[PDB]
Amino acid sequence: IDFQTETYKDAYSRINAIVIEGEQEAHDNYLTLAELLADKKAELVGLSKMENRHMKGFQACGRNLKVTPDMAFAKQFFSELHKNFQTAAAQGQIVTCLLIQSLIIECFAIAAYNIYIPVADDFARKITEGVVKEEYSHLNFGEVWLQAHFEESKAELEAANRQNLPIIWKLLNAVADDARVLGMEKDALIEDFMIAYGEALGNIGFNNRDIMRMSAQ
Ligand SMILES: [Fe+3]
Ligand SMILES: [Fe+3]
């Protein structure tokens with residue numbers, strides 16, 4: 001892969017902006033969760049601080065390839081997930097907030113970052129490797145909490161999945177062209193998100209039929 005073509009820098013302007021905006025949103029979402037879940041404030045504040053470090057690392061990736069991120073593009077990209085998290089937070093829907101951030105968004109990131117790693121430039125590869133090592137703890141936080149509250153959370157989890165999983169599939173379809181320019185196959189991204197997200201639903205307490213039913217939305 002040639003990291004200095006106009007085609008690569010163009011695609012990267014949007015992808016790098018998307019990760020940066022995603023990291024900033026995760027930082028904000030974990031702080032919002034620290035107010036809704038007072039009991040886990042220290043944990044959630046620590047997760048927010050990892051997200052700041054991720055955001056800084058991906059800013060540095062962009063400057064390494066001399067690419068100015070298209071931050072407007074990114075903000076548009078996340079607007080529906082952002083709006084949904086906020087509407088949930090505004091009503092005290094902790095379970096919906098956890099499903100959007102800790103499960104769906106972290107699964108999306110884990111899938112994507114692991115596909116990027118073997119096609120990234122050396123500097124971005126090292127950064128991304130450290131980020132993805134941390135994103136497993138984010139996912140596990142949500143899995144542990146929702147597992148411990150499963151029966152009481154189950155209905156809300158199903159409704160939040162119906163509402164937000166279709167949003168993530170649009171994002172996945174929308175990024176695919178630029179992701180291909182970077183060397184990332186779309187089918188691998190779809191498959192890896194569905195594996196990661198199904199396994200997360202399994203850990204929280206959904207049976208295999210329910211996972212298949214939910215994966216269908
Ligand atoms: Fe992150
Ligand atoms: Fe995260």
Side-chain angles (χ1 to χ4, degrees), residues 12 14-37 40-64 69 71 74-75 77-82 84-86 88-89 94-117 120 123-147 160-161 164-165 167-168 171-172 175 179 182 184 189 192-201 203-204:
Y12 206 79
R14 294 186 288 284
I15 294 304
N16 186 228
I18 282 161
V19 306
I20 289 158
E21 182 65 20
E23 301 291 344
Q24 179 61 246
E25 301 226 352
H27 167 267
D28 296 349
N29 290 347
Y30 287 122
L31 285 183
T32 301
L33 279 158
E35 309 217 302
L36 297 164
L37 271 177
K40 300 298 175 197
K41 187 180 162 174
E43 291 115 296
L44 288 156
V45 175
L47 305 183
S48 80
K49 301 294 190 169
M50 296 187 213
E51 303 300 11
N52 280 156
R53 163 191 308 123
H54 300 169
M55 189 193 74
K56 282 176 190 284
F58 294 126
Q59 282 170 325
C61 298
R63 290 198 300 275
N64 183 238
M71 300 307 311
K75 288 168 191 295
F77 187 82
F78 275 108
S79 62
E80 202 179 353
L81 245 13
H82 185 268
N84 288 3
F85 183 94
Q86 293 311 303
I94 296 159
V95 162
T96 301
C97 289
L98 289 166
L99 184 71
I100 292 167
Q101 178 59 48
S102 76
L103 269 48
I104 291 167
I105 288 172
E106 299 293 340
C107 285
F108 180 36
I110 288 160
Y113 293 170
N114 281 323
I115 291 166
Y116 178 57
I117 276 169
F123 173 87
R125 189 179 61 261
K126 189 147 182 281
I127 299 285
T128 306
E129 292 167 353
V131 170
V132 308
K133 285 191 305 189
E134 290 188 336
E135 312 275 35
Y136 295 114
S137 67
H138 303 181
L139 179 57
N140 193 246
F141 173 93
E143 289 179 0
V144 167
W145 194 97
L146 292 166
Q147 194 280 329
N161 184 77
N164 296 284
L165 196 60
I167 297 163
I168 280 298
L171 296 196
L172 224 158
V175 283
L182 305 197
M184 303 176 53
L189 207 94
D192 289 358
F193 171 77
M194 280 180 78
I195 289 161
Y197 182 63
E199 286 176 346
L201 297 177
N203 292 340
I204 69 175

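Counting convention: from 1, in listed order, for ligands and their atoms alike. Just the heavy atoms: all of them, side chains too, but no hydrogens, waters or symmetry mates, feed the values below. Positions are given from 1 along the sequence.
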**Item:** salt bridge (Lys or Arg N to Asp or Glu O under 4.0 Å): pairs with one or both residues in residues 16-26, sequence neighbours excluded
**Value:** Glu21-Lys75
**Request:** Only counting residues at least two apart or in another chain, list the ones meeting side-chain hydrogen bond (donor to acceptor under 3.5 Å, both in side chains) with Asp28.
**Result:** none
**Prompt:** Which protein N, O or S atoms lie under 2.8 Å from the Fe ion (ligand 1)?
**Reply:** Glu23 OE1, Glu51 OE1, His54 ND1, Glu135 OE1, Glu135 OE2
**Prompt:** Once the angle between the rings of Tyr30 and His138 is folded into 0 to 90°, is it parallel (under 30°), tilted (30 to 60°) or perpendicular (over 60°)?
**Reply:** perpendicular
**Item:** Partners passing side-chain hydrogen bond (donor to acceptor under 3.5 Å, both in side chains) against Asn203 (at least two apart in sequence or in another chain)
**Value:** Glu143
**Prompt:** Strictly under 6.0 Å, is that where the ring centroids of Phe78 and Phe85 end up?
**Reply:** no
**Prompt:** With no hydrogens and no angle check, is any side-chain donor or acceptor of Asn52 less than 3.5 Å from a backbone partner on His27?
**Reply:** no
